[PDB]
Amino acid sequence: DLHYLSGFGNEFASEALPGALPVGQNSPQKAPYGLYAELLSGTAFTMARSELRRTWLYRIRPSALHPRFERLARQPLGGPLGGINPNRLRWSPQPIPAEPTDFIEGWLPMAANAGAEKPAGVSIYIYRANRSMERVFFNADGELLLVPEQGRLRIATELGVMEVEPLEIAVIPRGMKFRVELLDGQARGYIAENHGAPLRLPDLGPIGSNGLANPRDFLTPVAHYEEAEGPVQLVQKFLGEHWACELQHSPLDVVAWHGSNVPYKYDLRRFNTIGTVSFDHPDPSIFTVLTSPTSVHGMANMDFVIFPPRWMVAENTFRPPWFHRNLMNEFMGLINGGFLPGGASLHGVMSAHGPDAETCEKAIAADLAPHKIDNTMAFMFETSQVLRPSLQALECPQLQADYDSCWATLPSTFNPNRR
Amino acid sequence: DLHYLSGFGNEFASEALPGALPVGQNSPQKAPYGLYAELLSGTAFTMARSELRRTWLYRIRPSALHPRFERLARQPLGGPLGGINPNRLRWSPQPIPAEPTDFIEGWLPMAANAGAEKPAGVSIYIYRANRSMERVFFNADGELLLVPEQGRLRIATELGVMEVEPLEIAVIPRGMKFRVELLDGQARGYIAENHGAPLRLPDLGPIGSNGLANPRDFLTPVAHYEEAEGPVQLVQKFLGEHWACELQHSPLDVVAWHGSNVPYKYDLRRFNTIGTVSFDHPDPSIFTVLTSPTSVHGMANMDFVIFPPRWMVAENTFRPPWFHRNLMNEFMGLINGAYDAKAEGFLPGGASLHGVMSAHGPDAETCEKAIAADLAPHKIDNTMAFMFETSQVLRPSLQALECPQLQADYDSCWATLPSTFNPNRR
Amino acid sequence: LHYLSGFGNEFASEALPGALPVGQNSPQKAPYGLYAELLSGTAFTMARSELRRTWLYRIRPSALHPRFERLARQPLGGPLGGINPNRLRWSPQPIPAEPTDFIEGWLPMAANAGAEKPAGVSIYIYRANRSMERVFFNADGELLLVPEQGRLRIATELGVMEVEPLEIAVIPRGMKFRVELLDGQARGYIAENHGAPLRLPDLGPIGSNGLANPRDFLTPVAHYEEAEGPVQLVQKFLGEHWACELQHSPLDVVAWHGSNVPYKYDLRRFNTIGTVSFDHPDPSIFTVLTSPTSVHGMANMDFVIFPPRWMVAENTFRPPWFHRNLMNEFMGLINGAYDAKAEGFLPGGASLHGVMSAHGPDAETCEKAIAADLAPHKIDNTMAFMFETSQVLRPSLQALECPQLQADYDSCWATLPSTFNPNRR
Amino acid sequence: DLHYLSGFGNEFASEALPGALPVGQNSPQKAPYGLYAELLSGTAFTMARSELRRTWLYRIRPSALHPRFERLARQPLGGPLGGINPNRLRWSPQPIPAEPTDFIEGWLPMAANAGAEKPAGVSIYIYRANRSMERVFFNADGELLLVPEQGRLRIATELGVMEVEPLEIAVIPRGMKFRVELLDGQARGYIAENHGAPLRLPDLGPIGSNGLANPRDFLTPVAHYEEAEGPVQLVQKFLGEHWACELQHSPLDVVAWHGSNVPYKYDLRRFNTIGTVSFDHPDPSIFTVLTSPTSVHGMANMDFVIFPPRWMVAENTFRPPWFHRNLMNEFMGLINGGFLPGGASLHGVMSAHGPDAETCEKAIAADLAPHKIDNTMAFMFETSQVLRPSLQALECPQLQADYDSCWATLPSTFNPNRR
Ligand SMILES: [Fe+3]
Ligand SMILES: [Fe+3]
Ligand SMILES: [Fe+3]
Ligand SMILES: [Fe+3]
């Protein structure tokens, strides 16, 4: 029975004790309950207000109260970049490791725009974990988009507690402290780490003022603070590296807060899917849930896109996705329903992809009538920068060695003598 | 039949005689065939190239060769703006007048953002004609969007001839000369006169790089010139007035041209309609065919929206348009069939106007039907309604306010909406 | 006279040493006991590139004035002319016999809107035969002055500038000034800009230099008057002259700094760009100053010139092409003859080719141009110009009823022949 | 005989068989002639339509029908980065090598904003070839601007065939498959590989609505397809590397196509040159033919600029290019007419350049009259990012070792007692 505040991008305000929030100002000399005011600035001060992300926290002890960070010996993300490889790639789902592995220890580097030491654009991982985190963590390297596939997550953050289950997504702003509890003992899922402009709702164009992901469905947890006394490890990811310090208090000691730099979750089942109600096959940008822009208008750092249960009604139309060569880079995953839940495919810049022969023959031969796609949920992380597969990803047992064969049996159907 | 060039916004090139277009330049000293170069600038010289519209003409006689224009006695567009009236308005179809009336003489002012003498925003007319034009015409007050409802038009312009039937639309650029022949003896339809930024394709947003009105379906006619020798009246519309002069030559004497300021036509049947494949009822802006922007981003001078055959699949959803009050001003027409928010009273050739913040929506009948219905995939078919939606208030003409076609009891359409509210049962 | 240079500069000028406060704008104790006064030419929140504001340090505050009263003599009070799409041409305007100072002799030619609802651009031709014995400001817009006959000595709050034909001058909205005629009488053109202040055009590929170089834009140094006695202060508000009487000189600014300034520019210094190959470039290429709108690329008005220049286009119809324009073209002539008109267009003359009016050369200019052997040719000893506007230019009733309006302008195009032959390329 | 479609940025449509193009839609269930639909997306789907480049293809076999790509042993572009060097540099023309070398094998990297493995901005090459390509190629790393200097090229692309001779340029969109055939036995010329926003026409500013490169002169080939059966090698350039696979069919099998992502050519001899008709010496940006923007307004990724035959008429003026120090980086080449055709010069950020003593002396002394510069075509690739010369370029024999002496005789003509 966790409570949530609704509305993407809102100036929220939540207090765990009556009047814990200062009224009419952010920095009283005598803060209610004797709390410390702290500002979390997720963007430059001078952004246009529409881009502004900042949260005022009123907490038991300042975040400044911490000893020196030291580099952990254990570094899940220190593996090298893979060699150059233009090929189409597909993986089978990643098995959960035997060794104890919490949420942060479990990120397996799949592909990234840059080396972990110079975070830029987007880095993509698959997380595997068999332990709840017995420590607190923040990412200095970017925003985190989590896409669960197996197992629920109870995520306790500075702003409050949220639970996410497969078919839901969650986002945790850069630098925000959080701790992940595995409700089901173990967990698997995907991560897009956003090193760039924070994820937001796409420009709707002609779709207008409603549709796709409705702002009312983005939920942010209410204030919740901890009073545990005794040592707690605080871990941060900085330029790919986990550095840690030990606190003698719980860093999740925020009693009240206000602002717009907030963790949130969204249920993909609430997506107001838009598609063709006539013919043809619309561009997959139409399925956009969240997007991270660049200073180049129209070209996203990354678009998060889903392929949800939907009605198929295209008349006189080849209904599967058409054959395609793309400037952008397509990383596909599957949440449920050769491509299994937990699996992945990377078709990079100008790689030729599309349906196989059996998909083609069946689509061309189909008696086209309205059809409901159901019990499936796929998605794509599409990035503008090339995604370089990690060495780990290219060498792991789960990489399919004959993925190219999927297209081998495509036939010519060309007859010059009959249109 | 007629040949066309495809591609909305293209730099086209067309010549009626081989090599009539100068190669490598626009202004030769000794132009091919002894023709005159002439530049038709549809926009300021300094527009962004994406916003530029200009066409080079290679013609027998320059357009400048004409004597003084004189005001005609006959002025279709000279009637006063009607009184202030915030009411929801509905007209039945406009009958064709008895007296001889060509295409330009036949425009009936329905509503406009401003007085005809001070053109701004959009002016809306319904045309009614029973004569083919035996003169040539250009509108200097703006761009014309034509929406035939009865009868095919054969439109002879400077750049060539195009034919338009109901379910197709045609655009004529401001200042471009043309002549309308009625292929079916008489004709009736709608006009949006755009006084603002030229109509163009909407920004597709998440729809991406394909969909709605695909550019390949926008057709521009090929070069064609007449050589008739004898008097031709040339009329122009200026500040709402018709002014004429007599020429001793045909002003459709353009033997070749190149450029982007072109007349064009579009078959609405080919609209790649996008909608809900899930639930709810998408905003009608999703149906945009063409749009004319203002300097305020996101707020169009006018959107041209259609309501075409389309699959209705939304589950657990009130399917007809929702009840609505709107900053924008909604002028709706019907080209054929029946519209899905309405029941009676709205026929082909009819119109409705719901202005700024007027409360509109479905009737009691429709609401009852939609709430009880067993929802399943359903193809809406054999229908084409549309809307001219404008940001500026539309002021009905006096003629519109006083005509027999104005329906006297339009408000009673919503009279029977019942309360179904039950506070004890969610 | 001395001047400062640099279009758009933050200028600083003092007529007494240390009269400008150093390090601040508003001292409690101003140097020499002067009053600080801010002239805000633009909204406070304009981007800095678009900011126009001047700090004045003056003997008496502009606020020291009694109620303005409406003058009986109203130069600009005439009605709008009727609707008329025709091509129009006017001969030079005679200088009236009645005593007529600078502000009294504005002959309204055409305007985007009625004088009482100013918007866009209003065009006048001024004719004066007396020097101004009063001071004037225009609340309705910025003034672009294009002298054609006789030199002007213009005393402004910021200093004195002298303008002769082939120079232009611009005076910001609200800025007080007095005009002296150095040659007894004067004639010329005005573009009254009700919209965004005139500035230098975006050069595009022309780059970082050329057309009108900013170094050539000149602003007067501070000058102040201490004269004690009655002076009439007139303002133009919503087309009307209103006036009060002061007992001091309002040109009493001892020191000033900032960017809201009067300026002049010598068109002979224009770095004219053109074709060095073929064809005939769009006349936008001759843009001197422009006033934008919120619609990018569509100016409220462009001020363009047609100066001495080299004509070198090979295999090219060199005169301006036949044309039909969305924009509205008001042309005038400072001296000499214009390349597109054989005759009927003289210095002081004017033409108006409104939206989509068909214009171009005549059959005589045509004939010679098509026939001429082409070699490099220096067009010289001429200066014409255009006020091109996006909004329609409505001629005034005066302009349409005045004896200088040529009755048979269309006849200039009547003899254009068909040289068309379907069967030889 | 080759036919072409005209109009830069046009939505084109071309079909080699009557009605090969589906009418009214892009994705029919039963395509005309049994062809496959393939979308080539040259930009993000959500680009403003003015910046959108995409082409629908209707082809015999899908592009996906290919086996695994493998790294070729021969690698033309793998040579390391030259060392740091701020000096002005000038090269004599490049000799055509003895060894058999086709178009893609004969790119000599001259200088680049970045290393081959991390394409950004612009890479500049000189190609030398003595064999026609007997295979097909696409470049995944960027768009190709070709500037022939010696020998004509017949470039067979997916969208059709075009012929380019010196004094013409050709552009090939990223990822588009093509084959270069040498009509003259061998060929040499320059290449600007554009890794950024695609080249387009420059904003004309006051020049207005016509002039410079007029859009009507940009020509795109009509549809042409091959039905040759037998092994064919497909090669791609990815992160600077040549990777290849073998198809058992021609990949130039597009029967029809429509859209805006097209190859094109343009004859520089049609450039409507603009310049001074009064005095002074206009900035060479006035000669821009094509430009690649950045997100920084007014600061191009690259400008392609030409110095063609033209009238010089400036009076009381020093007519040669002024003495000059530039933020931008200037790579000069010469097509026809120390600096020979095929040669190059690099003046990088803030290097001081300008005329030599002989040029100054003659120019200050000349009796200025209209003068037609004729029979000469130079050009420049100006880039915003520093161009690092390749190791190869810095150690090549054609690098002129005494270039700085060109300016060594510049004298002082200063005289303070005579204005
Ligand atoms: Fe794809
Ligand atoms: Fe509505
Ligand atoms: Fe003109
Ligand atoms: Fe330079």
Side-chain angles (χ1 to χ4, degrees), chain A residues 88 208-209 281 283-285 287 303 305 307 320-332 345-355 380-382, chain B residues 38-41 44-45 54 63-64 88 175 208-209 281 283-285 287 303 305 307 320-332 339 341-342 352-362 387-390, chain C residues 87 280 282-284 286 302 304 306 319-331 340 351-361 386-389, chain D residues 38-41 44-45 54 63-64 175 208-209:
Chain A
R88 297 169 295 199
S209 68
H281 182 108
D283 292 13
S285 54
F287 294 122
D303 285 330
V305 149
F307 302 104
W322 16 252
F323 289 99
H324 194 219
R325 287 142 68 195
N326 191 7
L327 164 73
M328 313 291 282
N329 306 264
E330 308 176 32
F331 183 93
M332 291 217 53
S345 61
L346 181 65
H347 310 140
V349 181
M350 299 301 170
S351 71
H353 49 284
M380 192 200 285
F381 298 147
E382 187 191 55
Chain B
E38 173 164 281
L39 181 54
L40 170 60
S41 308
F45 295 114
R54 55 95 188 77
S63 296
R88 308 172 290 190
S209 58
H281 181 107
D283 296 356
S285 54
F287 289 135
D303 285 331
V305 164
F307 304 94
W322 10 251
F323 288 104
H324 196 204
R325 291 137 69 187
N326 186 359
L327 166 75
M328 311 293 276
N329 301 267
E330 299 174 31
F331 186 104
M332 285 208 59
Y339 181 59
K342 323 299 164 77
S352 68
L353 173 63
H354 301 140
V356 306
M357 293 304 172
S358 69
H360 54 279
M387 186 194 296
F388 294 152
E389 186 194 53
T390 71
Chain C
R87 306 169 294 193
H280 175 105
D282 296 6
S284 49
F286 301 115
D302 296 318
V304 158
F306 306 100
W321 10 257
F322 292 98
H323 195 209
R324 294 142 65 190
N325 192 0
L326 164 77
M327 306 295 284
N328 301 262
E329 305 179 24
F330 181 99
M331 291 209 52
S351 74
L352 171 66
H353 300 145
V355 183
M356 296 303 163
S357 70
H359 53 281
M386 176 178 307
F387 296 153
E388 192 188 48
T389 72
Chain D
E38 192 165 275
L39 173 59
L40 177 56
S41 296
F45 295 120
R54 57 97 189 77
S63 288
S209 62

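Remember, it's 1-based here, ligands and their atoms both numbered in the order they're listed. We name chains A, B, ... by the order of the sequence lines, and we start the count at 1 in each one.
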Check whether any side-chain heavy atom of [X] lies under 4.5 Å from a side-chain heavy atom of [Y], and answer yes or no.
X: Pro319(C); Y: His280(C); answer: no
X: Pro283(C); Y: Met386(C); answer: no
X: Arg54(B); Y: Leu39(B); answer: yes
X: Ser352(B); Y: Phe331(B); answer: no

Contact summary for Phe323(B) and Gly361(B), nearest pair of heavy atoms
CD2-CA, 3.7 Å

In Å and rounded to the nearest 0.5 Å, what is the NE2 to CD distance from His324(A) to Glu330(A)?
6.0 Å

Measure distances from the Fe ion (ligand 1) and count the protein N, O or S atoms below 2.8 Å.
4

